[PDB]
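Colleague: Here it is, the structure, as structure tokens.
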Amino acid sequence: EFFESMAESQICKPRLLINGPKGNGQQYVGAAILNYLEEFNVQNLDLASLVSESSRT
Amino acid sequence: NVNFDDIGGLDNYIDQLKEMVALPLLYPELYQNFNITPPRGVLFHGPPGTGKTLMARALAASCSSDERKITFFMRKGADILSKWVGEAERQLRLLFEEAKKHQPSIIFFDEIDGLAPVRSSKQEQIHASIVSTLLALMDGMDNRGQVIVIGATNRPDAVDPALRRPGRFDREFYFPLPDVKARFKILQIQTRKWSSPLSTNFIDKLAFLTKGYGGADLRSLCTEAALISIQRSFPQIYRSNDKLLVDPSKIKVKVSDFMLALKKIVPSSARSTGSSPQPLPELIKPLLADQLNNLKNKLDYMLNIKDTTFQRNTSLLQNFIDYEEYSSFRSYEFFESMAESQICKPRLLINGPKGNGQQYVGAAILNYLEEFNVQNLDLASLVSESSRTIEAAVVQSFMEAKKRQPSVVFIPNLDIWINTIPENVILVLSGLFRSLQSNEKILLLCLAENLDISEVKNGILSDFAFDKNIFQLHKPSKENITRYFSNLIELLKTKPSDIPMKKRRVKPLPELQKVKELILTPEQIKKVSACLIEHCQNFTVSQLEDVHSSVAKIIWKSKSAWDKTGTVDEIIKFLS
Amino acid sequence: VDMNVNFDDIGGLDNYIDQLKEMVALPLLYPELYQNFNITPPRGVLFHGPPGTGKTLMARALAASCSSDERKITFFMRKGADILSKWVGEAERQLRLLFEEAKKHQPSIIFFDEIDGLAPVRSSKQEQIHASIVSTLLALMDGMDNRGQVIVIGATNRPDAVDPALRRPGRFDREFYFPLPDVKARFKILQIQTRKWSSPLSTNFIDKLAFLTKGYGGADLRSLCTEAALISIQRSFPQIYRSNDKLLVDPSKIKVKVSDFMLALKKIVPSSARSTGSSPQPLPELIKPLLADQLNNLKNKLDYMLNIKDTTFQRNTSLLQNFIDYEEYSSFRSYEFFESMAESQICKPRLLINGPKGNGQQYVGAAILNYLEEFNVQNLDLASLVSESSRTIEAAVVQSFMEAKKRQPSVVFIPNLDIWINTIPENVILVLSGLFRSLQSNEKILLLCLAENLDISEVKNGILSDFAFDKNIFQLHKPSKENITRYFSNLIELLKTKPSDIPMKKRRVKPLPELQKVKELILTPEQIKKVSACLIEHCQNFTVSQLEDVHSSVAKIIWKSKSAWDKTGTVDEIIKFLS
Amino acid sequence: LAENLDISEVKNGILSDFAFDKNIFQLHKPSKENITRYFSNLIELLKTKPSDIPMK
Ligand SMILES: Nc1ncnc2c1ncn2[C@@H]1O[C@H](COP(=O)(O)OP(=O)(O)O)[C@@H](O)[C@H]1O
Ligand SMILES: Nc1ncnc2c1ncn2[C@@H]1O[C@H](COP(=O)(O)OP(=O)(O)O)[C@@H](O)[C@H]1O
């Protein structure tokens, strides 16, 4: 209960915002990062994936 | 099969269901004497994996299945309705006549939401005919026979309101997620037919750890723990392609297997949005225990949770079996009117700075109120379902709170809730709360991060009467921060010989038959604590957790080192 | 669902029993009277009302009561839309056979339960499967050939879902509204359900149950009686709930007591509480000293607006009994003139109750709705309008007002008018006002609105100006000194009670038998007077909500020391609280 | 049918294209003779006998 707690307390609030100039290879950086985290469970929140389904708002 | 002893908790419902299925055939003369008919129809509602189907099957195959056998028909709401235009009503009629010929019968409609939903959408008119035929077929006061209709659902407000009347489903039974005692009983039930039954302290700790688990999650946890024990005790039987390496049973399911089963099995309470009801985590407890207890005292004053000597609602059959009865008239209604006169208007508004552990305080408070009917008005709990609008969802949540009287209308993130939730529905909720009687036990719990008080007294929340019941969450004191940052130190002071690392075995796995001291002076510890407290001055829980995580990474990176001078130096450098 | 019921089982619907006799039993025995005028008896009645009012019981009693002589009345009963199958043939073919076999056994009664599913309204899409059923039903019920002595009875929750072509003479010429029983009908139903019991209840206890069961239907009353009997069985012989073998018990000394009915009262929730509107219930006994002084005034005002106590005309509870006990007595100048001058007494029934914030309006509204027992309450509050997500605000308002137009004695109820005129769209109020001004003056549709701190300027020259709230504004003023004195006098009566009086339940010395298987209270009156004075002074110019808060806070203190005999501690705590 | 409808709305407003030019009928309040007949009908109830009233 102590060691699992202290190993699990190593993630506080994982956030990251990659911001750069216009057209500075963001579309490749995102793909490369999502490939680096291939063992995760990626949930895209882009516009194309939300307005694709006409039933759900 | 399943008897009543395979069911954890729900003893109230165990006794109450025996007066409509078991006693009516066992004692025909005590019911014919009063010219009464059993209710004949129940609505089980609750979170998935709580034991509604298990209740039904035990109920059918437990009440005297010797000469007066009770047949059991299992149907699902989505099963009855088909792609045709008259198939499903005919199927319902066939099912009911079939149950009629086998007169003592129990028809179990699992997930009756699909068969008969609420009338707010779904044109093409077939569902209206379905609801009408279900309403007409399950008439409970014309002696259709001895058919008991049991309908299972997640939440009863998703079922057609015409079905929740006498004759149709009479009694509604809430199947909650088990508490500590019920989880203990369920774990004992699941670990009863083992060859090496677990101890009592083991099961107690497991019940403590399994927070936000259901019956199905507990069964899966037990099964996976057993599987891991077989995987570990005799691992040669997997990779070897040879014949049976027979092995007897020295298998003992110990802690290190249940703890992996815990992290591999995900509970069904991890899917619902909002704050899952669970106590404060052991890490943050020193930061928020003292302020939580005060809240409990407040919740113990405005709700009468401790001094509930007149409202001790358990199986009243038990009350009759171990108590005895007693002008004689006044002593009932006078004292009963003066007993509900203590609850006047239960309101509470927890308001603190941003990130001050409100998601923990709300969950802990809800875990305190386990006997209440929590109706979550959270953002994701209303916008998730597309079958209802926000207005209707809020009104139905309020009215289900109103029906099951001990209830808590819970609104996490009130600051967001008063901006992205239109003023119309907020005024509707205000009018609904203004039409309640004072002696109604509906607590309005709200947790807001940096809410303005002028909003409470002059804004749109002015008609909710949050005038005196505003509890202010404040940032933890220096003493609490000292105790919070007193487990990293105990991780800085543990030598690498006590960290559960992995070391390869020098000898290979056998096969069966073919039939120092750590260099860290107390001055360094004192300096580390002094800097760790000086950096965290007037901090919130989120910021303290950030500092805790960033220091724990540093401590754990140098976990095999025996001279912590470098780790202490790095810790002081980061907090500078 | 065939027999063993009769018309003495039915309670509170004596007016419809006479007409059902007039259409079923009377033509059989006297065919010369009907053939004297060359008239055919009305055939087919549509029962509609709140669920659990007695429609199916009424149909079964009709089937089994007129068949007591040697003139059998076969009862063909059809559940709602159970006749349509996956193909296109049997839906009409089976109705054909039903009506032919009804013709064969000429005196017969077809009962379509939940007919709103068998004959839906013609929607935009999915026409065929229900239109092909409605058309054939219309064809057989009023075909060219004489259907015969077949009485068609339909039952529904609401009649608007039945096709209007069915609601036509020759098919459903009579529509019977089954209302929620009043106090007399509830008394009769309770007497009927507790008639076969071995130890009958007293008359005054049944009267008190009838008063306490406001909002219940017939089904709710039956469920309450069943629950009381079950509690009595649990209280007398708990042991049968533990053993799996049939123990030997005696159907004696299992008499039902008041305590069992009281528990069943909390175990049973009525259909009034399931609804989203304000449940009409009397003033709770605690607040009665505070509000009943100014509630009676409202009653008096209502007595002068709806002519409740002056009922000489439109006293139609039962026409047949009226012809039996009363006696008749140019023609126009003796009936039309006096009927017109009697209905000329209701001009425009309106009433706006407006008091300070928290002055017990949710209580006065329920009390008023309880006083108007014979009125049809329609709730226009926000919750009822927004509860049906398929409907719109305007559509719900129009539906409520049109429902109120039929069943003429009715009340359009708008609790929380201050909220209502701020969260409703501006055009809905105009639609409702246009509906109200499109009414005749002599129509008894009372507009009762309760508002908290509503500005009179909004009624004088605002959006509520076209509702005519001129003289019908009643101000709920804050309670006076004597009402507060009575409230806290009841509180003090609770304070000065002995612990031997306060009901603590028991701890039985001996276990239940197995069954054979087959000090002095010290409280000076000076302290009581001091506490009363402090309570009176602290609640100066208080509303009902603040008084209830003070009452609850002091009751917590009093109930804390419910066993202590030295009540000086509770007294000084009470005094310290009010400071 | 309208109550207190300003004619500004009907010769130059939204309803001006419905051609309500000379077809506007004005309902005026009842004159003294009408009120006299109404209240004579009312008073005739005061003159009726208690035994003449259709009290069943
Ligand atoms: N209260 C309980 N006590 C013991 N076991 C339970 C309980 N509730 C659920 N279970 C376990 O979960 C399974 C029941 O699942 P099910 O009845 O389908 O859940 P639900 O009815 O909530 O969908 C059974 O195999 C049973 O072993
Ligand atoms: N007016 C009444 N008089 C006597 N009993 C009634 C009355 N109304 C309802 N009941 C009781 O309620 C029970 C169920 O009524 P039901 O036929 O289900 O009504 P509905 O069809 O309107 O739901 C009946 O068994 C009957 O005993």
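Throughout, chain C uses Swiss-Prot numbering, with the displayed residues spanning 406-734, 751-939, 1318-1378 in order.
How was it done? The header gives electron microscopy, 3.8 Å.
From the backbone N, Cα and C atoms, a Cβ is placed for every residue, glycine too.
Checked Swiss-Prot, it gives:
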type	residues	note
REGION	C:450-578	region 'AAA-ATPase'
BINDING	C:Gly454, C:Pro455, C:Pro456, C:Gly457, C:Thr458, C:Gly459, C:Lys460, C:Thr461	ATP binding site
Colleague: Quick check: which same-chain residues outside C:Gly454, C:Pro455, C:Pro456, C:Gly457, C:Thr458, C:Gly459, C:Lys460, C:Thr461 lie with their CB within 8 A of the centre of the ATP site CB atoms?
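Modeller: Along the chain, the qualifying residues are C:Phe452, C:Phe583, C:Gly622, C:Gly623, C:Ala624.
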Colleague: In the region 'AAA-ATPase' (C:450-578), how many residues does DSSP assign to helix, to strand and to coil?
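Modeller: Secondary-structure breakdown of the region 'AAA-ATPase' (C:450-578): 47 helix, 21 strand, 61 coil.
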Colleague: Chain B sits near which of the binding-site residues C:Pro456, C:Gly459, C:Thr461, counting only a Cβ gap under 8 Å?
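Modeller: In terms of proximity to chain B, the binding-site residues that count are C:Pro456, C:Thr461, given in sequence order.
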Colleague: By the count of other Cβ atoms within 10 Å, pick out the sparsest of the binding-site residues C:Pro455, C:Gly457.
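Modeller: Sparsest of the binding-site residues C:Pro455, C:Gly457 by Cβ contacts within 10 Å: C:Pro455.
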Colleague: When a 10 Å sphere is centred on the Cβ of C:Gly459 (ATP binding site), how many other Cβ atoms does it contain?
Modeller: 25
Colleague: Specify the count of other C-beta atoms within 10 Å of the C-beta of C:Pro456 (ATP binding site).
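Modeller: I get 18 for this one.
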Colleague: For C:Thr458 (ATP binding site), write down the residues of its own chain that are at least 6 apart in sequence and whose Cβ falls under 8 Å from its Cβ; none is a fine answer.
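Modeller: Looking at Cβ-Cβ distances below 8 Å from C:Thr458 (ATP binding site), excluding near sequence neighbours, one finds C:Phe583, C:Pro584, C:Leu585, C:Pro586, C:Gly622, C:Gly623, C:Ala624.
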Colleague: Enter the number of other CB atoms within 10 angstroms of the CB of C:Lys460 (ATP binding site).
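Modeller: I get 26 for this one.
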Colleague: Can you check which residue among the binding-site residues C:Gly454, C:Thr461 has the largest number of Cβ atoms within 10 Å of its own?
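Modeller: It comes out as C:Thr461.
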